[PDB]
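**Student:** Structure provided below as structure tokens; questions to follow.
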Amino acid sequence: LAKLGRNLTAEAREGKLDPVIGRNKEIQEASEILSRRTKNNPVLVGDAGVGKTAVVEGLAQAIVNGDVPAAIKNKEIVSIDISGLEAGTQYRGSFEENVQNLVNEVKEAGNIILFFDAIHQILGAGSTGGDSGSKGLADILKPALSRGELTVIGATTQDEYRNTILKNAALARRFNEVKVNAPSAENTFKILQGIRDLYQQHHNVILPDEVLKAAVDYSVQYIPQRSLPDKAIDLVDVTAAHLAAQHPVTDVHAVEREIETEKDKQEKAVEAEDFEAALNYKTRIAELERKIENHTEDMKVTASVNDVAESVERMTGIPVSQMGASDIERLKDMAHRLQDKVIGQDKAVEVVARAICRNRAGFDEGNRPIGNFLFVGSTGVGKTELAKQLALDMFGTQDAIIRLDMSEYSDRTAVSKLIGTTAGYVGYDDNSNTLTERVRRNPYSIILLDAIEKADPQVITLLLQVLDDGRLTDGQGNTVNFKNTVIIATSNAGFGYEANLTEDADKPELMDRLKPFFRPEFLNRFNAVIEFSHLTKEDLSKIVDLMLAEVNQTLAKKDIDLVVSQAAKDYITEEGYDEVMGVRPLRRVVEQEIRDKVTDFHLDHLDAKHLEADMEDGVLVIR
Amino acid sequence: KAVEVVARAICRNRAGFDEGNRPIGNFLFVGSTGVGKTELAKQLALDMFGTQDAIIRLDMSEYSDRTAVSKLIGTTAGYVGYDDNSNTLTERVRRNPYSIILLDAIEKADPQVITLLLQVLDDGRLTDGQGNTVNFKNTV
Amino acid sequence: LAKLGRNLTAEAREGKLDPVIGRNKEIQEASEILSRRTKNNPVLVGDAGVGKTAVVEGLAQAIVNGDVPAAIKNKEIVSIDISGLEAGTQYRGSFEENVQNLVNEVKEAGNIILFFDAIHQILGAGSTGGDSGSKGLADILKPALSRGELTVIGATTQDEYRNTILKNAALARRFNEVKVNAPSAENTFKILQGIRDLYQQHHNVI
């Protein structure tokens with residue numbers, strides 16, 4: 001049926017396959033794929049182009065070489081291309097007979113195996129979910145499964161397998177589950193030596209062992225993707241692309257165009273039978289051809305392994321050139337690296353970092369999402385620095401984070417004064433535009449529940465009781481499976497007191513103040529809690545030292561950099577350390593005080609490097 | 001002193017001294033209708049932009065919590081969706097990413113109605129009801 | 001496929017292009033556009049007739065003159081006109097075979113690059129937003145992206161790129177983002193001297 005398709009054993013008989021190894025255990029697991037006499041259609045799993053096809057091609061290779069038992073002797077494999085469904089019908093004719101014509105050859109041809117890369121869409125012409133009623137093959141093959149005539153094999157998503165329950169009588173009573181995969185870095189390296197000999201000749205590049213190791217050992221730290229085993233190709237591909245910026249302009253064709261001229265004269269010298277001239281041209285061209293071929297030797301492509309490691313930053317934008325051998329370095333130092341940029345209490349990192357530590361170390365129970373975190377505080381700096389700064393040390397950019405706005409969950413005001421009514425609480429922020437499509441790209445993300453208190457304890461109770469098993473069944477009956485997800489829930493906290501030096505006198509009573517909108521069943525699921533702790537009349541200058549740095553970092557884009565006095569604090573803090581507000585005035589005073597004065601002197605075209613921001617009597621007079 | 005508030009924002013932007021992500025900044029004029037209400041927005045538009053194009057007025061009269069029972073334009077449910085992306089909000093914001101916004105008379109509504117826009121102007125970006133993001137440049 | 005289109009390198013070989021410069025950094029950024037062996041379909045950005053086509057024409061010029069590495073030697077560029085979709089069918093026949101016939105030449109002809117000025121509408125016959133279900137090319141090319149047969153390149157609005165999330169598996173796992181543009185007035189002036197010699201002769205003006 002490779003007519004109509006691709007005969008995979010025929011390409012195996014011709015040596016057309018990539019002999020990748022280390023996947024031998026999945027060929028060992030293919031001992032049952034080939035041997036089961038009935039009800040024998042497995043359920044493979046893998047990524048798009050993962051190479052689980054290459055396993056079955058590796059199985060086909062095992063069939064050609066006789067590395068298989070006699071149960072599968074002389075059994076051909078053909079890949080049936082369902083993606084070419086309806087091709088050639090013009091949507092005026094029919095295809096369903098070309099499906100029964102797949103059956104009509106192999107039922108009598110005898111000893112045919114059939115293959116697919118990945119299918120769920122076959123059950124469109126069958127029993128499926130959202131794509132029910134569409135065109136497919138199952139209307140012809142679902143009988144073939146029930147009859148036991150055709151066995152067609154291939155992979156899909158393990159969570160897509162849930163639709164077996166729709167027609168379990170045809171699918172559950174004919175299938176057997178495969179153990180998914182185990183892409184270890186140990187077998188990666190031997191493959192990576194196979195990868196260079198496949199690609200390093202493309203760009204005249206050398207990819208030694210330290211580059212292959214660095215392509216995974218250095219990159220694994222910053223790749224949360226399932227596509228890591230092939231990320232090493234991207235790094236050496238982009239490396240050659242960036243190294244190719246050295247020699248894009250060799251005029252190899254300047255000599256080739258000379259040869260085509262001299263050869264064109266040579267052809268005319270021959271027709272005139274002038275062979276002193278014809279020989280002279282063959283003489284020159286031979287030298288000219290040797291000149292071209294020798295240009296290759298002046299274009300050796302050699303990255304340093306440090307340059308390959310720098311490729312990880314160039315096309316990602318993640319400032320990590322300082323690294324590293326950083327399996328442990330990040331575990332211990334990212335916690336210290338955080339607090340250098342934090343404005344608030346210091347014990348918050350020990351709560352959140354340890355969960356990033358024990359997971360990355362691998363010391364975590366068999367089924368736990370990271371753990372449920374609760375930060376009690378108020379809006380602004382205290383609310384957002386933790387989630388933002390963790391995301392930049394964990395993941396580097398503003399991608400793997402979702403904010404759950406409880407403002408859409410106001411029990412008091414949900415009468416469509418704002419976004420909607422009470423009925424808007426369900427369904428939309430369960431799987432709709434857009435929740436799940438971001439959870440699937442980022443199974444691992446930061447969840448932020450913004451300000452718990454807006455709703456009934458049952459609203460908030462739904463998510464947290466369900467995060468025990470790292471799995472949530474949505475309104476449509478589909479299950480989202482959570483990997484390694486951290487939730488930082490947030491509330492509007494505080495406490496009323498006698499004197500500002502007695503704010504921290506009543507420690508557990510913060511939870512009693514916040515009690516009305518939750519219960520101990522909600523509280524006891526959290527990892528000890530992160531406190532309310534306040535802005536102190538203490539080293540305020542650390543905020544001012546960073547803000548002043550943000551001024552010059554902002555001005556540095558136009559090569560503008562002033563001297564800024566540390567005495568700027570003396571006018572800022574006067575409102576800054578007000579316990580009523582916290583860190584509210586800090587940004588408002590600086591962005592008003594300096595910004596306007598530096599603007600007035602750019603008009604005089606004065607060089608910033610010789611101007612000094614020196615305040616006098618609470619007024620900034622830049623020198 | 002009203003010009004020193006509004007002109008400086010037209011000055012520091014045009015000079016290029018502005019943080020990496022700020023729409024211009026949020027301004028509030030407390031006053032009453034007539035001359036005091038409208039001269040600032042109109043006269044700034046003629047010195048910034050010269051004609052009656054880059055300016056939208058958000059009528060809070062459509063946001064009366066007390067009277068939205070369809071005595072006038074509509075009910076409470078008319079508060080959402082229409083003055084978020086509908087005929088015509090966004091097609092004017094796309095021609096004029098930079099425009100003057102006028103919120104006419106805050107007091108007509110619940111603080112949560114007015115709170116929506118202003119908490120979202122921090123990053124110069126607003127996600128609408130259809131899941132699309134409007135990106136604000138240099139908007140006052 | 002310039003039949004059916006416009007062969008941009010052929011017009012580059014004939015000296016039919018406007019040699020605008022100052023955009024060399026976007027040709028330097030086209031070092032990856034030409035060289036990436038797989039998952040190599042960039043995401044350009046620009047204004048309508050901005051001349052980001054002129055960059056790729058400037059890239060085509062770089063290919064003709066050998067100002068490019070060997071990764072892209074003898075690689076032709078053709079502009080495939082999606083705006084002529086359904087042209088000649090009378091809305092009685094079909095076009096989807098004339099799409100598979102774009103594939104059928106270049107898959108075996110070898111060493112063809114394909115171009116578009118600006119596309120979002122391809123995913124109408126695919127996965128898009130408001131214009132989902134309309135006619136397009138993506139039903140034939142989205143497999144071609146997954147297979148790695150055809151790479152077609154061009155620009156759009158950077159905010160329109162948000163629809164990648166709909167079929168990220170075909171689009172996010174096959175694309176790379178371009179740094180948009182930087183039209184400075186410094187390089188404008190040298191162009192402006194090129195603009196007068198192109199137009200000042202039209203009206204006998206200096």
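Order determines the names: the first chain of the structure tokens is A, the second B, and so forth; residues in each chain are numbered 1 upward, and ligands are numbered 1 upward as they are shown.
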Could the residues of chain C within 10 Å of chain B, counting only C-alpha atoms, be given as a list in words, please?

**Tutor:**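 Residues passing the distance filter: residues 159, 160, 162 and 163 of chain C.
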
**Student:** Put those residues in a file: C-alpha atoms, as an mmCIF file, in the first residue's frame.

**Tutor:**
```
data_model
loop_
_atom_site.group_PDB
_atom_site.id
_atom_site.type_symbol
_atom_site.label_atom_id
_atom_site.label_comp_id
_atom_site.auth_asym_id
_atom_site.auth_seq_id
_atom_site.Cartn_x
_atom_site.Cartn_y
_atom_site.Cartn_z
ATOM 1 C CA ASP C 159 0.523 41.868 17.383
ATOM 2 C CA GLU C 160 -1.113 39.586 14.793
ATOM 3 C CA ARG C 162 -0.394 36.323 18.937
ATOM 4 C CA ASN C 163 -2.476 33.727 17.029
#
```

**Student:** Any idea which chain B residues end up within 7 Å of chain A if we count only C-alpha atoms, as a list in words please?

**Tutor:** residues 12, 17, 19, 76, 77, 79, 80, 112, 113 and 131 of chain B

**Student:** Can you list every residue in range 103-137 of chain B that DSSP puts in alpha helix (DSSP H), as an mmCIF file with N, CA, C and O atoms, in the first residue's frame?

**Tutor:**
```cif
data_model
loop_
_atom_site.group_PDB
_atom_site.id
_atom_site.type_symbol
_atom_site.label_atom_id
_atom_site.label_comp_id
_atom_site.auth_asym_id
_atom_site.auth_seq_id
_atom_site.Cartn_x
_atom_site.Cartn_y
_atom_site.Cartn_z
ATOM 1 N N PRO B 111 -16.507 52.374 42.220
ATOM 2 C CA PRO B 111 -15.059 52.535 41.976
ATOM 3 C C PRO B 111 -14.426 51.424 41.149
ATOM 4 O O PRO B 111 -13.345 51.630 40.581
ATOM 5 N N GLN B 112 -15.057 50.251 41.063
ATOM 6 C CA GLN B 112 -14.475 49.147 40.308
ATOM 7 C C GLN B 112 -14.546 49.384 38.802
ATOM 8 O O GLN B 112 -13.673 48.916 38.060
ATOM 9 N N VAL B 113 -15.576 50.093 38.331
ATOM 10 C CA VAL B 113 -15.694 50.416 36.910
ATOM 11 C C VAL B 113 -14.500 51.245 36.462
ATOM 12 O O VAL B 113 -13.850 50.944 35.453
ATOM 13 N N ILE B 114 -14.202 52.298 37.212
ATOM 14 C CA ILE B 114 -13.135 53.232 36.879
ATOM 15 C C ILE B 114 -11.775 52.614 37.177
ATOM 16 O O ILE B 114 -10.769 52.970 36.553
ATOM 17 N N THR B 115 -11.734 51.679 38.127
ATOM 18 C CA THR B 115 -10.487 51.044 38.528
ATOM 19 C C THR B 115 -9.923 50.161 37.418
ATOM 20 O O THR B 115 -8.711 49.914 37.374
ATOM 21 N N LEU B 116 -10.784 49.664 36.524
ATOM 22 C CA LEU B 116 -10.335 48.727 35.496
ATOM 23 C C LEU B 116 -9.290 49.358 34.588
ATOM 24 O O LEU B 116 -8.203 48.804 34.392
ATOM 25 N N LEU B 117 -9.611 50.516 34.011
ATOM 26 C CA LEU B 117 -8.707 51.124 33.044
ATOM 27 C C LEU B 117 -7.394 51.536 33.699
ATOM 28 O O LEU B 117 -6.317 51.266 33.158
ATOM 29 N N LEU B 118 -7.456 52.144 34.885
ATOM 30 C CA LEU B 118 -6.277 52.812 35.426
ATOM 31 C C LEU B 118 -5.255 51.828 35.986
ATOM 32 O O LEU B 118 -4.048 52.073 35.876
ATOM 33 N N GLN B 119 -5.695 50.718 36.584
ATOM 34 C CA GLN B 119 -4.744 49.690 36.999
ATOM 35 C C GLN B 119 -4.042 49.031 35.820
ATOM 36 O O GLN B 119 -2.954 48.472 36.000
ATOM 37 N N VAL B 120 -4.636 49.091 34.630
ATOM 38 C CA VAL B 120 -4.137 48.411 33.442
ATOM 39 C C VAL B 120 -3.242 49.312 32.596
ATOM 40 O O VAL B 120 -2.486 48.801 31.756
#
```

**Student:** Would you mind writing down, as a ChimeraX atom specification, each residue of chain C that DSSP on the backbone assigns to strand (DSSP E or B)?

**Tutor:** /C:6-7,41-45,76-79,112-118,152-156,175-177

**Student:** Report as a ChimeraX atom specification all protein, DNA and RNA residues lying within 12 Å of residue 94 in chain B, evaluated on only C-alpha atoms, omitting residues in the same chain fewer than 4 positions from it.

**Tutor:** /B:54,85,88-90,98-99,133-137,139 /C:159

**Student:** Taking only C-alpha atoms into account, which of B:128, B:123, B:53, B:62 comes nearest residue 101 in chain B?

**Tutor:** B:53

**Student:** At a cut-off of 7 Å, list the chain C residues touching chain A, using only C-alpha atoms, as a list in words.

**Tutor:**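 Selected residues: residues 31, 32, 35, 36, 66, 67, 68, 69, 94 and 165 of chain C.
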
**Student:** In Å, rounded to a single decimal, give me how far CA of residue 354 in chain A is from CA of residue 515 in chain A.

**Tutor:**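 Interatomic distance, CA of residue 515 in chain A to CA of residue 354 in chain A: 27.3 Å.
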
**Student:** Could you tell me how far CA of residue 79 in chain C sits from CA of residue 52 in chain C, in Å to one decimal place?

**Tutor:**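 If I compute the distance from CA of residue 52 in chain C to CA of residue 79 in chain C, I get 13.2 Å.
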
**Student:** Which residues are close to residue 119 in chain C, i.e. within 12 Å by only C-alpha atoms, leaving aside same-chain residues fewer than 4 positions away? Reply as a PDB file with N, CA and C atoms, in the first residue's frame.

**Tutor:**
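File written: around-v2.pdb
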```pdb
ATOM      1  N   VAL C  43       9.809  35.158  11.221  1.00  0.00           N
ATOM      2  CA  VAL C  43       8.619  35.975  11.441  1.00  0.00           C
ATOM      3  C   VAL C  43       9.039  37.432  11.297  1.00  0.00           C
ATOM      4  N   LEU C  44       8.926  37.971  10.087  1.00  0.00           N
ATOM      5  CA  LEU C  44       9.277  39.351   9.782  1.00  0.00           C
ATOM      6  C   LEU C  44       8.134  40.269  10.224  1.00  0.00           C
ATOM      7  N   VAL C  45       8.434  41.566  10.366  1.00  0.00           N
ATOM      8  CA  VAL C  45       7.443  42.570  10.759  1.00  0.00           C
ATOM      9  C   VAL C  45       7.695  43.846   9.961  1.00  0.00           C
ATOM     10  N   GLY C  46       6.624  44.570   9.631  1.00  0.00           N
ATOM     11  CA  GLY C  46       6.773  45.833   8.922  1.00  0.00           C
ATOM     12  C   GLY C  46       5.435  46.448   8.552  1.00  0.00           C
ATOM     13  N   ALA C  48       2.820  48.246   5.562  1.00  0.00           N
ATOM     14  CA  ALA C  48       2.380  47.944   4.201  1.00  0.00           C
ATOM     15  C   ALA C  48       3.270  48.690   3.216  1.00  0.00           C
ATOM     16  N   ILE C  80       4.893  34.167  -3.993  1.00  0.00           N
ATOM     17  CA  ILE C  80       3.647  33.451  -4.237  1.00  0.00           C
ATOM     18  C   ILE C  80       2.514  34.384  -3.831  1.00  0.00           C
ATOM     19  N   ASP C  81       1.633  34.682  -4.785  1.00  0.00           N
ATOM     20  CA  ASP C  81       0.610  35.714  -4.624  1.00  0.00           C
ATOM     21  C   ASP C  81      -0.659  35.068  -4.083  1.00  0.00           C
ATOM     22  N   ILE C  82      -0.795  35.075  -2.755  1.00  0.00           N
ATOM     23  CA  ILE C  82      -2.004  34.562  -2.122  1.00  0.00           C
ATOM     24  C   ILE C  82      -3.206  35.456  -2.398  1.00  0.00           C
ATOM     25  N   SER C  83      -2.983  36.735  -2.705  1.00  0.00           N
ATOM     26  CA  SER C  83      -4.093  37.619  -3.037  1.00  0.00           C
ATOM     27  C   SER C  83      -4.812  37.197  -4.310  1.00  0.00           C
ATOM     28  N   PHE C 115       8.242  33.365  -0.970  1.00  0.00           N
ATOM     29  CA  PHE C 115       8.116  34.653  -0.302  1.00  0.00           C
ATOM     30  C   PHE C 115       6.665  35.118  -0.275  1.00  0.00           C
ATOM     31  N   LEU C 123      -4.106  31.090   7.410  1.00  0.00           N
ATOM     32  CA  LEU C 123      -4.685  30.214   8.414  1.00  0.00           C
ATOM     33  C   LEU C 123      -6.212  30.241   8.416  1.00  0.00           C
ATOM     34  N   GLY C 124      -6.841  30.909   7.444  1.00  0.00           N
ATOM     35  CA  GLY C 124      -8.279  30.763   7.273  1.00  0.00           C
ATOM     36  C   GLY C 124      -8.664  29.330   6.969  1.00  0.00           C
ATOM     37  N   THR C 128      -7.101  30.059  12.787  1.00  0.00           N
ATOM     38  CA  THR C 128      -6.965  31.503  12.955  1.00  0.00           C
ATOM     39  C   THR C 128      -8.089  31.990  13.864  1.00  0.00           C
ATOM     40  N   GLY C 136      -7.870  29.323   2.128  1.00  0.00           N
ATOM     41  CA  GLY C 136      -6.486  29.723   2.274  1.00  0.00           C
ATOM     42  C   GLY C 136      -5.562  28.664   1.717  1.00  0.00           C
ATOM     43  N   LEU C 137      -4.323  28.661   2.230  1.00  0.00           N
ATOM     44  CA  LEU C 137      -3.320  27.675   1.843  1.00  0.00           C
ATOM     45  C   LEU C 137      -2.886  26.761   2.982  1.00  0.00           C
ATOM     46  N   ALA C 138      -3.204  27.097   4.237  1.00  0.00           N
ATOM     47  CA  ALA C 138      -2.569  26.425   5.371  1.00  0.00           C
ATOM     48  C   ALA C 138      -2.900  24.939   5.435  1.00  0.00           C
ATOM     49  N   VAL C 152       8.317  29.303   3.558  1.00  0.00           N
ATOM     50  CA  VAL C 152       7.821  30.507   2.897  1.00  0.00           C
ATOM     51  C   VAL C 152       7.915  31.659   3.890  1.00  0.00           C
ATOM     52  N   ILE C 153       8.439  32.801   3.433  1.00  0.00           N
ATOM     53  CA  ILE C 153       8.950  33.837   4.323  1.00  0.00           C
ATOM     54  C   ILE C 153       8.337  35.192   3.974  1.00  0.00           C
ATOM     55  N   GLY C 154       8.139  36.004   5.005  1.00  0.00           N
ATOM     56  CA  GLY C 154       7.525  37.308   4.834  1.00  0.00           C
ATOM     57  C   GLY C 154       7.086  37.872   6.169  1.00  0.00           C
ATOM     58  N   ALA C 155       6.444  39.043   6.099  1.00  0.00           N
ATOM     59  CA  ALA C 155       6.187  39.874   7.270  1.00  0.00           C
ATOM     60  C   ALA C 155       4.697  39.997   7.576  1.00  0.00           C
ATOM     61  N   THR C 156       4.410  40.539   8.755  1.00  0.00           N
ATOM     62  CA  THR C 156       3.043  40.833   9.180  1.00  0.00           C
ATOM     63  C   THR C 156       3.103  41.853  10.318  1.00  0.00           C
ATOM     64  N   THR C 157       1.988  42.010  11.030  1.00  0.00           N
ATOM     65  CA  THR C 157       1.923  42.844  12.225  1.00  0.00           C
ATOM     66  C   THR C 157       2.396  42.030  13.427  1.00  0.00           C
ATOM     67  N   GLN C 158       3.237  42.640  14.276  1.00  0.00           N
ATOM     68  CA  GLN C 158       3.793  41.912  15.415  1.00  0.00           C
ATOM     69  C   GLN C 158       2.718  41.466  16.396  1.00  0.00           C
ATOM     70  N   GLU C 160      -0.385  40.677  15.435  1.00  0.00           N
ATOM     71  CA  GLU C 160      -1.113  39.586  14.793  1.00  0.00           C
ATOM     72  C   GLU C 160      -0.452  38.238  15.056  1.00  0.00           C
ATOM     73  N   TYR C 161       0.841  38.240  15.402  1.00  0.00           N
ATOM     74  CA  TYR C 161       1.564  37.012  15.714  1.00  0.00           C
ATOM     75  C   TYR C 161       0.995  36.270  16.920  1.00  0.00           C
TER      76      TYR C 161
END
```

**Student:** Would you mind telling me which residue in C:206, C:78, C:185, C:34 lies nearest to residue 59 in chain C when using only C-alpha atoms?

**Tutor:** C:34
